[PDB]
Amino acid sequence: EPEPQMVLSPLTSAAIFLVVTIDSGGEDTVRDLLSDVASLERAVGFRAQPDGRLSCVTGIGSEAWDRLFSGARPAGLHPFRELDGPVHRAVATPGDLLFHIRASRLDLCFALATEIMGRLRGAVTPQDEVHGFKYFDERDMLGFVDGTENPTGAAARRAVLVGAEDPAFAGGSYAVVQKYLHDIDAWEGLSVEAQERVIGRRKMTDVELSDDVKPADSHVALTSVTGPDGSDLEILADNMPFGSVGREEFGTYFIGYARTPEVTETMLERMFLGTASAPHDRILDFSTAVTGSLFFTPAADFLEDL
């Protein structure tokens, strides 16, 4: 069987998101690093087992793929599509490589980020660097429990990993990233009941609102999609809070994994463009996307054999 990267890691309490572009002539340096990134993950992580829980997921963008590799492309790989809604906009920003680094502690993430960027100095330009921290009770920046309905076990594998539909790339996945900044002052002006109507779940107990009370423009209602087969379309989301109190920056870094980008893209269309029953996702009245990129995260064996 093809070995996937650690896409299906549990939630961790810390993360570093690194997005870079590949400079002209940086291709060979990048390929050498990609062939070593699993050995660097083991080097930093092994000595901190079993509590460290260090992993790195490496993704490659559409344009970068054509510069790095000859032969077949993954079927679903394309640049992130800008969404220009009546009120809210999902921007497309540059990114050739994603490093999604997770651990129980920020220092382990930083040590791996240092070894990776050390090997890439002179070959890449940093576009985004976010140090994420989950709150102690699994809450996000908005004060809600975050990750509850993520798939687990066999359902997660089926939702997230490329299989027989694209056999040369089996065990890969597609990652969409968006960095969101929140209007915390406007959010904290809402009553708890009004915040629950925005999300679609109870704030303290994390119980879903019943179908009779859940607004059609609630985050949970708009991101609930059924496929051709009547089954739920599922993604794995590993949202991380980040920020700077001095700059009044209060963010959620969104990363969503899926077997095809079509699922994530359908959810984004419903959020930003709306439906017959909803102008847009009410979460967007308190959240502005300032980045947007799509990456293919190949099977671990594809990176090793390069």
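For every residue, the number given is its place in the sequence shown, counted from 1.
Look at the C-alpha B-factors of 160-168 and of 142-150. On average they run higher in 160-168. Averaged over their C-alpha atoms, the temperature factors of 272-280 and 54-62 are higher for 272-280. Set against one another, the Cα B-factors of 107, 183, 206, 234 in the record reach their highest point at 234.
Between the residues 132, 200, 76, 189, the entry's highest C-alpha temperature factor is the one at 76. Among the modelled residues of its chain, residue 45 has a C-alpha B-factor that falls in the middle third, as given in the PDB entry. Residue 224: CA B factor in the highest third of modelled residues in this chain (values from the PDB entry). Residue 29: CA B factor in the highest third of modelled residues in this chain (values from the PDB entry). Sort the modelled residues of the chain by CA B factor and residue 288 lands in the lowest third. Placement of the Cα temperature factor of residue 39 within the chain: middle third of the modelled residues, per the deposited record.
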